[PDB]
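Engineer: A single structure is presented below for examination.
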Amino acid sequence: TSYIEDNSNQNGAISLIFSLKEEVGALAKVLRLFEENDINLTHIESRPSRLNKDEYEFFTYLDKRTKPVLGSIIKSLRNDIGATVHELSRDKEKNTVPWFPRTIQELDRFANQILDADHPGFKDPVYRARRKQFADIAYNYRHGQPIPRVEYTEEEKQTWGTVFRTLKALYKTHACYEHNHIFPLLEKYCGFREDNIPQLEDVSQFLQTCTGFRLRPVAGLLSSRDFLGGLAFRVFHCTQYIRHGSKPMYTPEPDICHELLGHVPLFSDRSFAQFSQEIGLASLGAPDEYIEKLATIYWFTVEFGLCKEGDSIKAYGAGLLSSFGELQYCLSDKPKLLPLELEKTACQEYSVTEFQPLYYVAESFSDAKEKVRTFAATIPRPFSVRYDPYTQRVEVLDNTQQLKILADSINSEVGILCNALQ
Amino acid sequence: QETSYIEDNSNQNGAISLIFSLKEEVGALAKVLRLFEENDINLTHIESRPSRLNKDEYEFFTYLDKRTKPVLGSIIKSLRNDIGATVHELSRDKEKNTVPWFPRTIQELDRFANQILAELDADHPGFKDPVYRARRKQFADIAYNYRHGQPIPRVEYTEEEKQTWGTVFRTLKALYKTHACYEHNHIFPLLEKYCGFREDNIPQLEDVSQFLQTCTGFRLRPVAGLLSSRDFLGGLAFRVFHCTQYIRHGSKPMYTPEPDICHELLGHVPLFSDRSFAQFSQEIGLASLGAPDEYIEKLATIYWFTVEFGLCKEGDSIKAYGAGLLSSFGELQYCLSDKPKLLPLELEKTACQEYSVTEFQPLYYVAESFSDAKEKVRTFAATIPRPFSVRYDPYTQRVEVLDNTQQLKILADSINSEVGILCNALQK
Amino acid sequence: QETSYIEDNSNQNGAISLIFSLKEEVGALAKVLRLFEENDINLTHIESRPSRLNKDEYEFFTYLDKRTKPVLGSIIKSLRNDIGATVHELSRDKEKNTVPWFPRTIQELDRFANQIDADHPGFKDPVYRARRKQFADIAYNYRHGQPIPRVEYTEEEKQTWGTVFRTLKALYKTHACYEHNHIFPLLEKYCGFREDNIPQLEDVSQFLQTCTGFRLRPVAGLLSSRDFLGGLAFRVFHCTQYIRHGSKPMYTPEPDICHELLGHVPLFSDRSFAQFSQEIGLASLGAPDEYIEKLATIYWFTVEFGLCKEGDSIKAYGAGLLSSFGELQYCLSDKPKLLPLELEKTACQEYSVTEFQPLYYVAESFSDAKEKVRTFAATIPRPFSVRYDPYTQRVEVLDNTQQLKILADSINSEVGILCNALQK
Amino acid sequence: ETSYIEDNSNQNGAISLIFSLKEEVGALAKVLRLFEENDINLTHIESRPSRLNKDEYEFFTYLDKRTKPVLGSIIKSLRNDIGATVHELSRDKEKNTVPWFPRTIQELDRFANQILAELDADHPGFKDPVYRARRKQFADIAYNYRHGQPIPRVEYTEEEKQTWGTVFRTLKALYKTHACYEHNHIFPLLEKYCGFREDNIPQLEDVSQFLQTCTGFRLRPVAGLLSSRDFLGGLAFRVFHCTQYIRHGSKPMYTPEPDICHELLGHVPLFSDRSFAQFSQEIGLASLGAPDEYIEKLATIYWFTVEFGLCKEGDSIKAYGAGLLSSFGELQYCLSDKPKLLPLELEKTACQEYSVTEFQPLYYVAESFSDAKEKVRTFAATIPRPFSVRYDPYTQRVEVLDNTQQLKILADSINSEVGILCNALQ
Ligand SMILES: [Fe+3]
Ligand SMILES: [Fe+3]
Ligand SMILES: [Fe+3]
Ligand SMILES: [Fe+3]
Ligand SMILES: [Mg+2]
């Protein structure tokens, strides 16, 4: 399957999520309870809460080396301070919540945990060396930096040209409206041409000017948890290399062709961007059982999905828009078509190696987004999550007061629409 | 009587901008891009992006100036008549039947960020100091060469300058506990702990801007001097606060005929870190976008009595949140005494209130809260004559220009999203 | 294939109704009432009430028939041109440039509530035919607002009710949806749902009114699809009072009192289902006959022979299933073909009333089915939208602007209620 | 002397239990057995399905003091052994109880006859034995009135019609320039279809039928003045307790008491407007279960809004208070520059002192009926009650919502209605 269970680094990841009401001495008493336990001031940032105007959020950057004394601190936090404390761990210890990034920058920490004798390019040492060049670019990439530009050889551009030519001649009749709606803009402003491979930095800037999505160079395949979690911030982990030239039509790995031709156009659409982001927010802190379901749902939606377009049916899956063979296949009378239902979809078996015998048809990107949100409600999590695009940080709703501020902001926006119709 | 309103100028080339959308149709996009390209308007000035609401439309962002003015009428005429597209024309010189120009993206703040209202006045308390004049011209060159997206250059301050900062910091801090609003006293300890806000250290704009980004998304922008009211307020719509980098002259630490680093960091930065205040000031920025000069005046007066010299209600008591108060020990004590006259905040009357920058304000307007002031601003903004509505998009950091129908769609879809969030979060 | 769709007829006089509003202006109201009075249309047929949305407008309810047809064109011509009022013309004979008539108030259900065999299992029984005409005469004489006349049933009829009641109840726990089994004990406790007792329609209607506001209305026989579905818009369920023939308690190619009380009444007591069926009723008001057909098919596969999703299992909520021991067992076997509810597809599904349904449509829930019906109803060609007002028990006819205003103000009120109730 | 009347209690009083129960094998029978085993018969306890929690049951209990010996045991078993949030309603307002209020529109009957009995010897009709006798006729009509019945029609004398004509003529000649737009919008309809004429006294049945066809409001004959709690609570169901008698003929322009002119000329037109109906109903929903201190505030709020209110109409100011629209003298007074005007703010309004006897020196001006309704709802949140209330016009019953699961269904109904508006926009 397309699922990759997350591992853990040498040190792992520990994070504490808790809020504190402002009260004389409370901030100093918390910072001293961390500092006296050899947790220096550099690991504990304190910022004002985005809803409870009288509370403070604390972001803790820890690892397993602190674990012997973590329980003591948590015991004092919950009992002596009276704060609901969530414990995030990447090793998924008992009484912990599966770790997820709280800020967009914290994606850096485990963005390099990658994962060949049968690949059609193993015997080529130049190709292997180039894959290690692109891999080193990603290994050294940090959030906020421009994506390093790489001049491709003419052989690589010939492979890109063959894939570009054959797919483009097929998008008009096989791709969804949104793909064909944005693709001309990518051709005009991102250098999408038969003789040119676009630069990930230029493409990332275009996505940022459309839906705020951004590309992040990755050396290889990340875990499902890490990738889906990256979607919560509208961050699409993207590969920079291209498939080997000998077989410019067969590829069991996502190259620059699959990422730019299959994913980028739809990631530039608001409705699809909100859809994929909704999948990301659903993944944050979910159990591995639900990381499974989201990964399978992603395989049948973002990867191999079909959507309704009037009385006809068009393809929006990146695995379809980047595979001439299966893109033609998916609109014939051969495939089996079912309506998208996430309770059943999340349990549908599939094989990555062969062509999918069964596709799930979505009503629309907006209806698919609502289905995902509904499915996300069923996911066992000790809190809820909402993304804040101003600070590029995920806010964790669970308190009642936070629902009051959110409900009163809704009531204000409703009254804005009431005074608007006049 | 003097005020704080600064009417905007125009550069050598000025600013022209076209706001229009186009329905997708075979050849329509190429026919529009061709009519621009064939008139020597190269592709770098015409961006085309998908509309956020109409899934079948394209938005066009045009970066033009007067060098295009000979061909503007022909192009507009073909767009409206031969192509059938509703075209709004933004001009900075404000010709009739045009909308006062405003930046559509956060990057376009660079273009007119240097239009200052230039040897400082011979009445300034630093005119006799040749080192001070030269140092002010150092900071001015930092801002003149600053462009959006770059880190703010760090500058080591002298020992005298840090002594001036220490004198102002110590005297004010000893008074914040009893005179500042709850939000200021809520964030101020965080600035002391994470931004190096100390009596012996002047913070660096880059560290403070990064902190604001981690609180409310606000960001600092080094500016050489005072910008026009239109440009400054328009910058607030993007949560961009144009900030000065220099410090007051050492001789007179309690007088500043200009706003230095003391007024910006001690008066503005704490509240800009609060969500309610950030949304309030941002609403003022959205209100300014494309308003006539008469209404840029009223908004400037509202800003003077709210963000600059405002008082807010806090239970049964009254505390100060104006930056001009939180950075002036003398008037901070004055504004809570029995001397000033206090009225409830009502923007229709506030926008016409006379005021003097030089002397202490005889009359202050009290706001219920930052949320109530935000609601009053939007209501006041509805009365502003503008041929469209505006809304900020924090994902793309771009301003969305919408009509009445499109404004109803975003409101309905933003409500639908937040209600669906409340539904899932209620069970959790 | 003999469907459940019954095209509507017309009486001798029919029904004509004008829907229009007028801005208040000195003499304008009297000038409108005068142009009706001068054409021998007296004031008792023209009601004038204040509009609920436009504080400066008046609503006019006109009760007319074919006797007005000679003068309809003149009056409409003056209303549209000389007075400047958008006038919709409702006619039951569906002439061109008219809207298919529907009742505007709950009282107008009276007007066509009376617009009603050699193979029936009671054709040879002259006593049974006479009793069916007794119940028919009960309904013919029934008018809205009156209590439903109580009728003592015989001991043979109560034996038939007992046979049907016993066999079905022994099967509801494992075959009926959660809502049916949730309310059924309350019907047994307060409405006399027992093996030895046939409930009285008056007691059941009063119970429904205390649950979801639904109310029963005695009907002699089968009404047209337009009239019956239109009756659902007011939460009025036209209900039969007779019982099936005693010889075959497990048959009847038509619905008797057992089908109405055991199949419909429990579900009509659930709020979500009440809003769902009412939404179908609101969809029917003024719809073309092609869409009256589609709504009849949608009703046949939802309210009549529907299946609903219940956790990982599937349960029956169709009244035709909950009142048919044979097909209730059948519908949950592996034999039928199950498709997800899609009203654009559902409305075109073939079906036969005589035989078991080969295909059932599964609904996600009653709340989700309500949203599907309204969305489908938006596609129905009508020059306006309709919304029911339970305070006045009258239907509101609204344009697009007015519908957005009520939707916005209803949301604004419900959101403020949720805001105040959260802090408790 | 304010317009507030503290609620009394009858001889048996009123006890009511508000609780819900999730369906589970035997749970319904366990509740009915817990009442029955304590000699609390089935005829006082109806069980109906909850409107929001599709898996719960609502219980409506009609009890009195004779049930009180076993109530504590039952509540203890309900709360502990059954796990149900139980609210205890008592009409005598004991500690740890909620002030009783009607749960259904029919339950208004029970205490509708509790008068504030001969007439005050200062009334302008004390010396008239026929007038005293006539007041006891109307009072006895109300004493025998029960909800759902048509209001008995009474032929008025010529003297009564003369008094009605004097009040009608003088006020109507002043409504065009002094009454709000809504009053002048509906008043011609009342004249044309309800017999509002100078020579005719309307019948409460015809007016009640007209109100039902406009906003669903309905008139209820009452013998005299009810307590503030009972009257305001009646507004929650859009039921207006209405007097049937008329003022004494000698002084047609004076009235301590509210006669038929105050009810028909002051209240009925506005009760026919949706916005005003929703406004007064919101006041009624605010009263349900409020402490007597907040029954005070709501009574004062009602006195300065529905009774003696002013509303904004463009740049001018018009009167909509029933106490103004039925008093020619003060109707002219209230629109001059002599009175003192303050903006409507319920935290200040609810504590403003006033005197019923003399003309009000101070009026509160409302922005609109919708803005006044929103202010009431906001104020209602501050009222100490262990739950919230919402009216259900289909079943004519008040739904009480305290738990989170009921806020879910309320949030989902909002989410649906928003998606409805989204699809209708396209
Ligand atoms: Fe992929
Ligand atoms: Fe300032
Ligand atoms: Fe049926
Ligand atoms: Fe009164
Ligand atoms: Mg130094």
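We number chain D the way Swiss-Prot does; in order, the residues shown are 21-136, 140-449.
Looks like X-ray crystallography, 3.6 Å, at least that's what the header says.
Here the Cβ of each residue, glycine as well, is placed from N, Cα and C on the backbone.
For reference, Swiss-Prot lists these features for the protein:
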- D:36-114: domain 'ACT' (DOMAIN)
- D:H285, D:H290, D:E330: Fe cation binding site (BINDING)
Engineer: Please list the DSSP helix, strand and coil residue counts for the domain 'ACT' (D:36-114).
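Structural biologist: Result for the domain 'ACT' (D:36-114), in helix, strand, coil order: 30 helix, 23 strand, 26 coil.
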Engineer: Across the 3 residues that the deposited model omits, what is the distance in Å between the Cα of D:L136 and that of D:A140?
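Structural biologist: Distance across the unmodelled stretch, Cα to Cα, is 10 Å.
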Engineer: Of D:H285, D:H290, which of the binding-site residues has the most Cβ neighbours inside 10 Å?
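Structural biologist: Buried the deepest by this measure is D:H290.
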Engineer: Indicate whether D:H285 (Fe cation binding site) is helix, strand or coil by DSSP.
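Structural biologist: DSSP assigns D:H285 (Fe cation binding site) to helix.
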Engineer: Determine which residues of this chain, when D:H285, D:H290, D:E330 are set aside, have a Cβ within 8 Å of the centroid of the Fe cation site's Cβ atoms, and list them as they appear in the sequence.
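Structural biologist: Those within range, site residues removed, are D:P281, D:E286, D:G289, D:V329, D:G344, D:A345, D:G346, D:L348, D:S349.
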Engineer: Report the same-chain neighbours of D:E330 (Fe cation binding site): residues 6+ apart in sequence with Cβ closer than 8 Å to its Cβ, ordered by sequence.
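Structural biologist: Those within reach of D:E330 (Fe cation binding site), by Cβ under 8 Å and sequence separation of 6 or more, are D:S23, D:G344, D:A345, D:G346.
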